[PDB]
Structure formats: structure tokens, C-alpha cells
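*Asks:* structure of the sequence below:
(chains A, B, C, D and E, ligands or ions: 1)
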Amino acid sequence: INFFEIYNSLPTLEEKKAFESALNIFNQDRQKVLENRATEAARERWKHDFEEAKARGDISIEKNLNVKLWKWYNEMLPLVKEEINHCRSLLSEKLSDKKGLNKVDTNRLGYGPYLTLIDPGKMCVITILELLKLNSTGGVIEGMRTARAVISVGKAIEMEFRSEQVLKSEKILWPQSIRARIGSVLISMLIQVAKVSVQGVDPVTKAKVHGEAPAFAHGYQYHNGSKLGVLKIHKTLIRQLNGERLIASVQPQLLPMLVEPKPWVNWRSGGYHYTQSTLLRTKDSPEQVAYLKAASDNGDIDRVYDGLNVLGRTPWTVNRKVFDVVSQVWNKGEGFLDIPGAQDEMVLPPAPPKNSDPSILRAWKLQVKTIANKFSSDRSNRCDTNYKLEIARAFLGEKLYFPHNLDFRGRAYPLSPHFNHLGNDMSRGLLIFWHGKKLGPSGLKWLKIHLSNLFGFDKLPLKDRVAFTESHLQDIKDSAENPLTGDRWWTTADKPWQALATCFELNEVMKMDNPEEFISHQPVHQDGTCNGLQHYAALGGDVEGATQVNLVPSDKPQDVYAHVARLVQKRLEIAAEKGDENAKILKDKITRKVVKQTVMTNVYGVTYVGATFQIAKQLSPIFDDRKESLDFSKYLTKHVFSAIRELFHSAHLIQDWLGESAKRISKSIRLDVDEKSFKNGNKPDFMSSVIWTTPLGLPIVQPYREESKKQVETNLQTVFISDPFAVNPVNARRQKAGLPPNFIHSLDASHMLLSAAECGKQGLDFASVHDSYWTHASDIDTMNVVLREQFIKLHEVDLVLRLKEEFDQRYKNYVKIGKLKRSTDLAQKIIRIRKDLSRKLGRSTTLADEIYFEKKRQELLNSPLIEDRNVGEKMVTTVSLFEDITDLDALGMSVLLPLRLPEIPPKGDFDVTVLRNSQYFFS
Amino acid sequence: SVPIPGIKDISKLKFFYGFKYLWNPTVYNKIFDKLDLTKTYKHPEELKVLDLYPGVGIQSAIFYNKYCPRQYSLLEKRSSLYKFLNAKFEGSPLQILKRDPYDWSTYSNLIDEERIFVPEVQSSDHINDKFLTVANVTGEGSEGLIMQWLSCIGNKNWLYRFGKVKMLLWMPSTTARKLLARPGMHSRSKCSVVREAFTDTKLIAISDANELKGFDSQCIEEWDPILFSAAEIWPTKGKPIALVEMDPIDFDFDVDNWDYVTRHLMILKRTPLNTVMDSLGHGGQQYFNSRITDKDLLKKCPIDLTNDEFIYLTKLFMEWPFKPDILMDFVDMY
DNA sequence: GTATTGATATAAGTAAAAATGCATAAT
DNA sequence: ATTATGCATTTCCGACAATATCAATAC
RNA sequence: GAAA
Ligand SMILES: *O[C@H]1[C@@H](O)[C@H](n2cnc3c(=O)[nH]c(N)nc32)O[C@@H]1COP(=O)(O)OP(=O)(O)OP(=O)(O)O
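*Replies:* Residues are numbered from 1 along each chain as shown, chains lettered A, B, ... in the order given. See below for the structure:
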């Protein structure tokens, strides 16, 4: 029963509202069915398939996957039950030590209580589902890694208990060691049970041989002289797992919603009705969760809630015509566009004679490895497309919703990972808006501009874009009439499926005589050009940056990437004087794509090898040289770095200031926290991470730390894993290299959220891809106005100065490390005080003791009693004598320094208001 | 009639790239007498010798002064070493080439492309009577080259298409200990298995007495190695070095299956065979339990096994109908 | 005796050394 | 005190990234 | 694969 066609057929607004209310009331049970959990859904599906197979006589191979899974679950549950009983018996007594086997029982005493909480069938189904999910992952040809599988199974069992506990709530965390032990135990039990039936050919008889073989096996492999514990999956299982019944076997748990998403009112409330999702995507960090909870308590994040709710309130549906074309292409079987093409098994060249050249043998092995990698990649890229198309089939002609989350920086992503609008061009062309808004007098122009942009000509003026679209009317007509079995003009665009959808809409418009009153559902994109550079220019007040990133109004849209490519080509013309062959080969071979990636990444702190790889990746299709073109790419990086260093100055100044501030924060120690003894010597722990807040009040905590990888004795093997549940010193290099990009990305996210909230207040349909915002064709002018106003409001204040003030406030009493030679009179005074304080303390006073004395002295002046404060001021500690001095940074022994941050660079006097009429700020 | 480089001359060299060289003519005479190549090669005047990584060239000069071979060639591409070799050995029948012995194409371009060095192919029933190769691989990071040359012995492709080419190699003490480890010893590894399968190796000399405990006492007694102090090797910051002589032998197994079986069995080198066959595929444990009737085999660790037992296991692996594919043993990294 | 953290070897061409991209730390 | 020396812009999607054996210590 |  299609609903989109009925919604379009209804001609009255009141009747449309009535139908929407009826649909919303009707979809509650369907939403409950969709949000039904994986264990129950899988168990019922497998039991139903087993019952149907038992009814239909004996049919094994047809439903082989589900029948085999039910058989394995049924015959492997008793093993788990018996192990639980054994654990209970070995824990009920709780009397003896060194009981049983040293390896066996001492492990059971560790992982026993974590196995008695959850249902045995629940662990069985969880393990089966995880091992089916993680196939051909980790470089293993036909299997998973043991280190991956033990954690994923254990983490899944931990997660299901958290959901069950909170459900009963309407114990903190499990250790990584316990996760590994549980995963290994259950995976071993599944290995002992999983049997498949295969037939092979006897080498000496040349006839078929029958027998039963284990489905899963544990083995090891090598990569560059290092072991690799792996788990393999038999071919008889791989052929079915990579089939078209994978969706039925493994039901998804995060699908598009049918009813309107629950609004965000709390950091742990929103999104799905029955699934609890945190506002942030915290990989492994309790500090971020703590700060997010504190912000939610304070209530300083409400514009974030408004923006996320506006993002999640937009209704979608599946484009039927594009879906049909995609289905025909997929069912044809031949590789079309970016779908690779269905191939069954590998094809390998014939091996050379064994006594051939070792170089020849190495070349053959390299070719075999390349072929296998290509085959596996194609199979994975085809399985992903099959999964997306099956979801599209499931949700065809139905209203959709996409609740959104945030990552630790602040950028927004949908909750559904499989099918959403952040996918590739097929996924972006397979989705349209549920509400169809009249094109009006500007929808035609904006839709034509949208098609011109989707054909890659998004650097031309708007008149040129509409001229292109109106010149290609016949091609648009042919493409929309017969996409397949036609001229296939839409395929030439860099976004073919989106161009196909736009062509469908444009033809349906052109078929009438009054295009103004046409009802359109195709979203139109308007994205900024060089968003990071625009934010840098706004931060620095750079008039030159603003005028070259289209902030200053101009007749034509500039392109920094093309400008840089042209300048580098002129530099290569200069180098043609010397005329070295390496320069001569690539003199005219520059491409704005290579220059674009390098110029974009430069302001975020890219290094030589990173730029080399970025250039080589986009220079490979040009095929200028062999795979040793790394020399050419390195020369390219050298001169493009010279050019960008010449061009961008204020952005690099702000980047340097941010990096220096990150260094100062990373090399600091707290007073009260680090006052306790560490017994490490003169090396106190660095427990401080760079933290700041967006203009919207969201607190961002950088989670970079140091990871300790130790072997954990599990049943299958000893995995090499780390503990993300323990405090570790902050990675200074990671913090310093991450702050400059994270700040800019947080600014981008905040501006996007402000625009989304304002568009929700103004009653538009808003969808966004980070720096790109989508809406209807007739609302593009209003959207542009909203974006310009939000950008002006966001950058009206001095954001860098506010950040510096926040850093100064949050790091008032912190201690840095510094080394100054005693040749200076001031620096020798610190050494004398250290000697003098050591005698006063009566022992060899250390850096920890000196810092503790300074912290305790501060407590006196902070005490309410003036007598204590007078003594504190009277008492002179090691750091107190250095408070006034601010020039000894450059003027031997290591001495304690206070935390002082660098002065902000000068900002050019540029009025950000001038972009209120800039036509090409976003396009 | 050929000058011998002195300690003062060889001490002027700047970089040795981690390669330790020996400069004592007395111990050179001692090791040559111990080797007794005068009997193996009936016509020293009709002997063609290839030298890899010569360095100082003292050993090459003494070899020429002692035997007067038909042809001798030095392959050395390192800058200062080649410069000193040209300075000290020009005007002598010794030949020095600016080629790097690591590249596989070097030997082809030297033998069948430029037609400079051509060995004499003979039957495989005896050691190659008209071809000898000498190498000095002492750099601690260049053990992979030694293992590659052993694999080339296995494949009969690099220099062993000519026949049973006798090998004279200077190696670090740890490498010699690992290659010359007997069954049950703590240092036995797949390198030891390869050495036992493909070659017949003896320890001609060593540079440290305290490192002999790594070798078997019986083997030490049989070999009677020549010992000398570390003062006779010029770069004195390195670990002790050893000299071995490798004689290729005949074998009757398939190299690819044997390599696969040994590599996947000796990962777990202290675990009895009744629990390690499960790592060779699906059903390996039950298949090998059914196909093996021996008693101590199911309780012997692969470090206790020998080449004959490994050949028996690889033949059973061949006879396995449900065997895995050897080729698909790698990762999709790059 | 049992128990524990650290050192060492694995494979073997996408070398190691010497000479660099580069900053940070160290023996 | 310049020598070694680990690492190479950020984020998300499942998006990763070694294991075995031993050799003295500690209890 | 998606974005800076
Ligand atoms: O084109 C990709 C894609 O189909 C797939 N692939 C590779 N890595 C991922 C990943 O993290 N997530 C998803 N969903 N798909 C992935 O394999 C193809 C091959 O990719 P390449 O290795 O050529 O390029 P890569 O993505 O590594 O490029 P970059 O992001 O480092 O620039």
C-alpha cells in the first residue's frame, strides 16, 4: 500500500494533514517492530525458518544459512548452559584458593560473574551474529581477526546487558580483559560446534569424497615478520553469507524511522523511542561523557538541541524512478558506473617455472596479491550496494526520518549508518523530500543551477550555469525519457545518479506550460567554497583571504585551487630554465584536484609524506610515470609547499598560535591533582588535555592519550590489546596536530547548527552534509539569507580572543617545565632556592615537593583567614619568585615555569558584514 | 704477487655499513688449511670464483696468492669500499665491479646479458668442480638476504642452476647459531629446518669462545672450529662473527607444500602435534589423527621433529583431499 | 615450588646504510 | 650534546592493525 | 565510501 502516491494525489492541505495524522497513528506498531532487538528478531526468524523447512519435507541448501544457524544454536546452547553450571559450582563454594588447574580455574574466577547475568541463548545468538558480521575484515581473505572477534563479541554481550539493565531501571563498565575472556570462551564453543557439509575430490582416486568439516577454524598468519591470530570461515559458508539472504540472516538494528523522531531534551534522551543513544559519539573517553553530562546539567546546550531537532524533523522518501533504474542496472549483472560487476571466483595468471628468476617469481606473487585484493574489494563494494538496495526496497513508498548525533568535535551525523544521505552518489540520488513545495518564480533557475553544479561546472557564474542547462535541454529530455537503452548523457556527470534524478524532475517540469505551479521534491545543494579557509579568514580579519574565498562580493566566483595550480605552473615554467627532466615531465601536468587537496590540507598542519601521498593518489590516474613517481610527487610537494607558504600567511599564523597553545597545555601539570607523590623522579605525569567550548556552549575534549598494549591470556590465544579504561598521559604530538583542525571543524559545526535552528524557526525543510546544506528549490534564497546572517552573527565576536580568554581562565594555576642556565643571575636564584628549600625540608626536595609547596602556599592566600593569607604572601616558594618574570623564556637545570599563553596575532580590519550580499559565498 | 691490504690502509675507511672484516693473515692461513680446498677443486688454475661484499679484499688477495684461480671477481658498489679496492688492487689480476650484490637483476646482467662471468654447469652427483662463490654478509639487518639465498638453494634458480655451488659465508654469530641448531635445542627454528633440508653446513671458524654454548657440543667436537679474538676484526663495536661452508644436497619433496607446512607448524614450536594440526585447516586434527598411527609423533613438539618427519607430514598434507590453498596465505594490506 | 614482567624471535625483497622530512627525546 | 628516532592534518561508516617462547626474578 |  503505497502512501507517497496517495499523499501526492490528495489535493487539499487539510486532507493532507488528516492523512499525515492517520499515517503517524498507524506507524507506531511498525516502529516497534523495527526497533525490536537483534537477539529476539534473529531467534524468531531462525526458528520460523527451521519450522518451515521441517514442514516442507527436507530442503537444506535452499534456506541453508538460517537452517544451519538454528541447528548450531540448538546444539551449542547446552555447552554454554553446562559451563554456566560449572562456573556456579566453582563460585558457590568461594572457599579454596589455588583450586583446580592454574590456567583454567583462575580464569573462571575472573570471568564467572560476568557470564551468569545474561541469558545463555542470548550469548549464543550474540556470538553467532557477531561472527557473521565480521567476515573478510582485517586483511584476512575469508575470515576475521581473533583480536577483533573476542572484543566485538564481549562488547556486544556487555552492551546487551546495559540495555536490559536500563530497561529494568525505567555497576559501571566491563574491563577489556573480561571482554576478551568472554569473547574467547564463547567463540571457542561456537568453533567446537559449527559443522558444515562439503565434498572434495580424492587426489589419487579423482572422485568425490564426502564428510563434515568445521565451519570456523583458528589459525595464525604472518605480515612482515609478525604473527597474526586469525579465524577462518569455510567456503561453503562464505558463498551463502555473501549472498542475497544476508539481510534476512542479519537484520539491521539502526534503520530509518517511520514516525517523527523523539526530540532531544537531554544528553541521553532523543532519537529513537525505544533505543537509547548518547548525544556525542565518544569512541573511548569517559572525560568527554563527563563534560557532556555537566553541560547538560548546566543547560548551556540548547541551540544544539534545536539544531539537531530541526535536522531530525525532516521527512524523506525513496525515489521510485531512480530506484527502478538502479535495480535494472544491478540485475543486469554487468559492471556499470561504479558498481563493479558480479564475478564468482578469482582468476590468476599461470605460475612461472620454479627455476625461474627470483625477480620473476616476486613479480608473479605481487600480481597474485593485487588480483586477490581487487577481487575482495569488488565483492565488498557489491555487497554494500546490495544491502543498501534491500533497505531501499524495504522502505519503498514510505515516510522516513533521520535522527542525528554528534561526534566529539561537534559535527552532525545520522543515527542510521547503512542507508542515509551521507553515502555515495547512489544513496544521495535515491532520497527525496516528502513535502513537495511549489517551484515559484525562482525554482526553475535554482533547479537548472543545481543540475549545472551536479555536472561539475560549479565554478561558473549563475548565468553561465543556466545557459549550460538550457542548452542541454535535448540531452536532459533523452536521459529522463530512456536512461538505459539511450544516449546516457547523465553518466558523464561526476554525480550521475543525482543528475539522473534532477533530469527526471526537469523533464516532468518541461512537460507542462506553467512551470511556476509545479510541485518539486528534489533537494538543491548550496555549499561553501573552501570552508576552512573562509573560517580562517573570518578569524584573522584577512581582507586578502576574504576577497579570495568569495567573502568580498564579486562578479565572478574565485577558485583558490585553480589560482594555486596556475601559480605553480608558472613556477615550473621558471624551473624550465634549468630544465631538469623531472620538472619537465610534470611542468604542464598539474591538476586542480591535486592542488585542491594539498591546499585544503595545508592549513591543518600537513607534513611532507602526507602531502606526497595526497598528490600521488590523485596523480596515479594521470599515469604520468610508474609507481616510483614518488620522486615526482616529492618534487611536486616541495614546490607546492613553497607556493602555499608564499600565499597563505595569516592562516598559518593562527595555526602556529594554536599549536603553541596546544604545546603549552600538553606540557603542564596541575597543582592539587598532581600534588601527590608519583615516585617517578623529576618527571611528573601530564594529565591535561586541550579543552574548549564552541560558541553554542558545547564542550569539546580531545581524547588523545597513550595506549599500553599488553598481551591478555584468553582461551583461543593471547591477544595484543590496550586498555582505554585507564588514565594515561596525553599524547602531546597528537594534541598539537589535532587542535588546529578540530577548532575549525567545531566552528563549521556550530555555524551549521545555527543555520539549521534558524531555518527551523523560519519553517523550511533543512538537510545538511557538513558544509553543504540542502533544501527545496524555492527556499534557496531564504536559505542563503539565513546562512549569511548566521555566519555574520557567529563571527561578529573575536572567536580566537574568546578562546584565549577561556584557556587563560581554565588554566589559571598550572606549571610548565623550563631549563635556564645558571649563568643568568635570575636563573641561578631558582637553583639557590631549590638548594635552600631542600635544607629547610630536611631532605632532597624534588620537583613534586616544590610543586606541592607552591600549591599549599596558594591555599594560604585563598584561605578566608587573613593571618594564613599573610603568611602565604610572606612565604616565598620556588614558583612564587618567578611570577613577575616574563622574559626568561629564552634567557643547566630544569626549573618550574608558570603557564602563560602566546599573544594572539594581529587581525586585519575586515568587516564580516560585507558578505551579506556576496552571491558566491555559498554555491 | 698480489698486495695484501694492511691494518693502516683498511683503518682509513670511513663507513663499513655494519660489516665486520678480518685482517689477520695467520688466521686466514689457518682457516684455509682447515677448509682444505686443494683436494675438492682438482684444478685450482681452472677455478672461477665469485666474491660478494668483499670490502677489505684481504681474503680475496690471500686466496689468489694461495690458489691462483682461473677467474676472480669482486662485486662491491659501496662508495669508499670500492674506492679503496680500486686503489689497492689495480694492477693485479683481481677484478672489481661497481655492482650491488643485493639486486636480483645484477647476476643476470652479469652472466647472460653482459657476458662477463659465466660458471660451468655440471652434474648434480658431485659438488661443482669449476665454480666457487664467496660471500660476506655480516650486517645485522641483512639476514633476510641469507634466507633468500637459502630459498634460492631450494628453488635452484639464482646461482644453483649451475650445480652444487659450494658456499663460503661470513655471518653474525647469532645467525650461525640459529642455522646450526639441532632438534630439541632452544634456538632451532624454520631457518634450522631449511638448513637441514637443503644444505650440509659446517662451522669452519668463529670469533668468540663464549658463544660456542649456542652450538651442540657433539657438533663442535666433530667440526673443531678455529677460534680467534675480536682484536683481529677491524670494526670492534660489533658482535662476534662466524664462518660456515654450505654444500647443497639432494631432496625429494615439494618445496611449496613443505614450506607451508613447516611455516604453519613451527609457529607453535612448543605444543604437541595432537593440538597443532587444527591450525593447518578445517578438520586437520581429525584427519591427521586418523592418518597417523605412530605413538611418539602425536606427543612430539615440532621443535623435537626433524626433516624426515616434516617430509612425512607434508606428504600427508598433500594426500589430504580437503586441503587449503597454499597461495591464499597473505593479507590484503596493499 | 609457583607466579610475573620483561626480552627476543618470527619472514624474507617493496633492503640497510647513509643521508633526510622533522620534531622530540634520549643513551 | 648532538645523536638516534618515532612519526608523518582531523573526523565518521565494521573501518581495525602481533603472538609465542623464554629468561631470569619475585614470592 | 563520506566531509573539511
Ligand atoms: O573506494 C573504496 C571503498 O569502496 C572501500 N573502502 C576502503 N576503505 C573504506 C572505509 O573505511 N569505509 C568504507 N565504507 N569503504 C571503504 O574500498 C575502496 C578502496 O579504497 P582505497 O584504499 O582505494 O582508498 P581510501 O578509502 O583508503 O582513501 P583515503 O580515504 O585514504 O583517501
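
*Asks:* run through the strands of the stretch 1-150 of chain B in chain order.
*Replies:* With DSSP state E, counting those that start in this stretch as the criterion, the stretch 1-150 of chain B has strands at B:48-52, B:71-75, B:95-97, B:131-136.

*Asks:* what's the burial count for residue 8?
*Replies:* With no chain named, the answer covers chain A. Residue A:8 sits with 13 neighbouring residues when counted by other C-beta atoms under 10 Å in any protein chain shown. (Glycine included, C-beta is placed from N, CA and C.)

*Asks:* think we crossed wires, I meant chain B
*Replies:* Residues lying near residue B:8 (other C-beta under 10 Å) number 7.

*Asks:* over to residue A:855?
*Replies:* The local packing count at residue A:855 equals 19, with neighbours defined by other C-beta under 10 Å.

*Asks:* chain A contacts on chain B?
*Replies:* The interface of chain B toward chain A, taken as C-beta under 8 Å from any C-beta of the partner chain, is made up of B:104-105, B:108, B:148, B:152, B:155-158, B:161, B:255, B:263-264, B:267-268, B:278-284, B:318-319, B:321-322, B:327-334.

*Asks:* ok and the residue in chain B nearest chain A?
*Replies:* When distances are taken as C-beta to the nearest C-beta, chain B reaches nearest to chain A at residue B:331, 3.5 Å away.

*Asks:* may I see the buried residues of stretch A:767-775?
*Replies:* Residues of stretch A:767-775 classed as buried: A:767-768, A:771, A:773-775 (neighbour count, 16 or more other C-beta atoms under 10 Å in any protein chain shown).

*Asks:* before we move on, the earlier item: PyMOL command to pick out the buried ones of the residues of chain B next to chain A?
*Replies:* The following PyMOL command selects only the buried members of these, with burial defined by 16+ other C-beta under 10 Å:
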select buried, chain B and resi 104+152+155+156+157+158+255+264+267+268+278+279+280+281+282+283+284+321+322+330+331+332
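
*Asks:* what about the residues of chain B next to chain A, which are in helices?
*Replies:* B:104-105, B:108, B:148, B:152, B:155, B:255, B:263-264, B:284, B:318-319 (DSSP state H).

*Asks:* how about residue A:334, secondary structure?
*Replies:* Here residue A:334 takes the coil state, with states given by DSSP: H, G, I helix; E, B strand; the rest coil.

*Asks:* what about it, how many residues nearby?
*Replies:* A total of 8 residues lie near residue A:334 under the criterion other C-beta under 10 Å.

*Asks:* and residue A:139, what does it touch?
*Replies:* Residues counted as contacts of residue A:139 (C-beta atoms under 8 Å, 6 or more residues apart in numbering or on different chains) are A:223, B:331-333.

*Asks:* next: residue A:194.
*Replies:* Taking C-beta under 8 Å, 6+ apart as the contact definition, residue A:194 lies against A:72, A:76, A:214-216.

*Asks:* a markdown table for those residues, including secondary structure, neighbour count and distance to residue A:598?
*Replies:* A markdown table is the format used below for the contacts of residue A:194 (DSSP: H, G, I helix; E, B strand; the rest coil; neighbours: other C-beta atoms under 10 Å in any protein chain shown; distance: C-beta to C-beta, whole Å):
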| residue | secondary structure | neighbour count | distance to residue A:598 |
| --- | --- | --- | --- |
| A:72 | helix | 20 | 52 |
| A:76 | helix | 22 | 54 |
| A:214 | strand | 21 | 51 |
| A:215 | coil | 21 | 48 |
| A:216 | strand | 23 | 46 |
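
*Asks:* widest-spaced pair of those residues?
*Replies:* Between any two of those, the greatest separation by C-beta to C-beta is 12.6 Å, found for A:76 and A:214.

*Asks:* and stretch A:32-40, which residues are buried?
*Replies:* Within stretch A:32-40, the residues that qualify as buried are A:34, A:37-39, counting by 16+ other C-beta under 10 Å.

*Asks:* ok, now stretch B:92-100?
*Replies:* Along stretch B:92-100, these residues count as buried under the neighbour rule (16+ other C-beta under 10 Å): B:92, B:94, B:96-97, B:99.

*Asks:* what residue lies at the spatial centre of the chain?
*Replies:* Just so you know, I chose chain A. Nearest residue to the geometric centre of chain A (C-alpha atoms, centre = their mean): residue A:407, 7.7 Å.

*Asks:* think we crossed wires, I meant chain B
*Replies:* Here the mean C-alpha position of chain B is nearest to the C-alpha of residue B:146 (C-alpha atoms, centre = their mean), at a distance of 5.5 Å.
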